[PDB]
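What follows is a single chain, given as structure tokens, in the form deposited in one PDB entry.
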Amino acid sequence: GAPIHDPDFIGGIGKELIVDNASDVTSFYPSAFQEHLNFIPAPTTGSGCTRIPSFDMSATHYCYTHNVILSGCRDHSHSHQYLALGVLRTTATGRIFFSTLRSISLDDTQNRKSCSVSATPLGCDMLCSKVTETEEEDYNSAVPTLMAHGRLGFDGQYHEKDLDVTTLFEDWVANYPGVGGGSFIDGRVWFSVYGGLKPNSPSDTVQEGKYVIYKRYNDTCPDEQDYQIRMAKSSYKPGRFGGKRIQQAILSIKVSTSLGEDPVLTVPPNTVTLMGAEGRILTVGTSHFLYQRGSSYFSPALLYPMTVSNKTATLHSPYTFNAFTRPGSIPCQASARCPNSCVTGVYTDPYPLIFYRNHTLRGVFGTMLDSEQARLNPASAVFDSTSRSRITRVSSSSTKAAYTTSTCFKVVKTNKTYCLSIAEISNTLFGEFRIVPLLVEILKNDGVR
């Protein structure tokens, strides 16, 4: 009942779970979906949905949030944001369960969207955008998107303060949290953000001519160099949003009793980051990572190493997991290998699981959508730079998915590793999308070699 993970988990949260230098990475694999957790509420109505999940867990507690629609699941409809603070516990038999300490349903008149959450010492910090217009309409409006920093504390109270986006995002026409969780580092909470830049603004101008090409493993693009460069450059300005540059950014905010205190926006050079997209900032062991959704031409899961310098951050060449692809519209489908202009893909994050002894990330766990173009066929597996382990299908090849966010941990008492995969899924005819949490133990076949 204590407001902290039960003793069995103490010391098994947020660290490098598996450190192997010999044993092959893909030798580890997910077992069957165990104890179907019930900490995530079902939709309030039978005709509504729960969508856009965000999750983050510290050494003492976890934070979770999702958006609820009462009728249908159309983005152009009123919504309510559900937010919860909880901890990991075990029953007398050892059964793992996520216990909620506090939760709140923000049912006011504000229209919060694309919210990300982070577990901080003060509770559960949330970054949301507040809008009344459509996304395409947002990028059409020169002014930035309103954003707010909120927090559900251990005392159950929720507080929030709107950020001064006029100045904070002066060079932006649209800006949203990346949905994936944020991370607490050196007294500040760090959230991945993305949106569009005001053409010719100081921020835009500094990105002119900047781009980067990430190639697939053992599958080079046939297009001529001059062509790829031309297309790579154009990937930052897709036709979907009228040519505005879609930019990746990182927002850090001081964690204290004053919400929204001293926000600082960092915009990495596009010679490192690809087109802006939904994302997540996470800390595993002593390393920090920024996951970026493959909304552009690059299909394999990206994990940009992230370093912190006071109130700002720096991203380095990303880790890539070639087999951990995502579905997308042509010419940016899962098998794509050439630079192109598109706004597709889906959020399916990879969680750092296996590392070398020198702390270099080697393998990750995640629930990919095993499909070429359509958003369907969710499947959990362990991935390394080029391969995929034995998989565990979430349901059927028909199952539709919109988001999957995974976080792994260890039960020190039994020394077993588990991975939680939260997925917004739906069946061809069982209603709208709804968020479902799944747990799997990470196994290792020894009778193999």
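In this text, residue numbers run from 1 along the sequence as written. What we label the rigid core is the largest C-alpha set whose atoms superpose within 1.5 Å from one form to the other. Shifts are known only where both forms have a C-alpha.
Legend entry - Mean Cα B-factor comparison, 21 to 29 or 436 to 444, giving the higher one as deposited: Higher mean C-alpha B-factor in the PDB entry: 21 to 29.
Inset, instruction - Between 72 to 80 and 189 to 197, name whichever shows the higher mean Cα B factor according to the PDB entry. - result: Stretch with the greater average CA B-factor: 72 to 80.
Inset, instruction - Please pick out which of 52, 394, 42, 423 has the largest Cα B-factor as recorded in the entry. - result: Max CA B-factor in the entry, restricted to 52, 394, 42, 423: 394.
Inset, instruction - Between 65, 38, 415, 406, let me know which has the highest C-alpha B-factor in the entry? - result: Reading the PDB entry, the winner on C-alpha B-factor is 415.
Inset, instruction - Select lowest, middle or highest to describe the third in which the CA B-factor of residue 284 falls within its chain in this entry. - result: Middle third, going by the recorded CA B-factors of the chain.
Legend entry - Cα B factor band for residue 245 (lowest, middle or highest third within the chain): Tercile = middle for this residue's CA B-factor.
Inset, instruction - Please place residue 230 in the lowest, middle or highest third of its chain by C-alpha B factor as given in the entry. - result: Within its chain, residue 230 is a highest-third residue by C-alpha B-factor, going by the deposited values.
Inset, instruction - Rank-wise, by C-alpha B-factor, drop residue 103 into the lowest, middle or highest third of its chain. - result: Bottom third by C-alpha B-factor.
Inset, instruction - Looking at the entry's B-factor column for C-alpha atoms only, identify whether residue 380 ranks in the lowest, middle or highest third of its chain. - result: It belongs to the middle third of the chain when residues are ordered by C-alpha B-factor.
One more form of this protein should be noted, the form deposited in another entry, which is absent from this view; the next part is about it.
Legend entry - Listed options 395, 58, 406, 27; Cα moving by 2 angstroms or more between the shown form and the other one (core superposition): So the only displaced C-alpha belongs to 395.
Inset, instruction - Indicate whether residue 431 shows a C-alpha shift of 2 Å or more between the shown form and the other one, with the rigid core used for the fit. - result: The answer is yes, as the C-alpha of residue 431 shifts between the shown form and the other one by 2 Å or more after core alignment.
Legend entry - residue 347 and residue 397, C-alpha gap in the other form relative to this structure (3 Å or more): Relative to the displayed form, residue 397 and residue 347 move farther apart in the other form - a change of at least 3 Å between their C-alphas.
Inset, instruction - Using only residues present in both forms, find each stretch of at least 3 consecutive residues where all Cα shifts reach 2 Å or more between the shown form and the other one, with the core as the superposition reference, and list them in order along the sequence. - result: These are the shifted runs between the shown form and the other one: 44 to 46, 395 to 398, 427 to 431.
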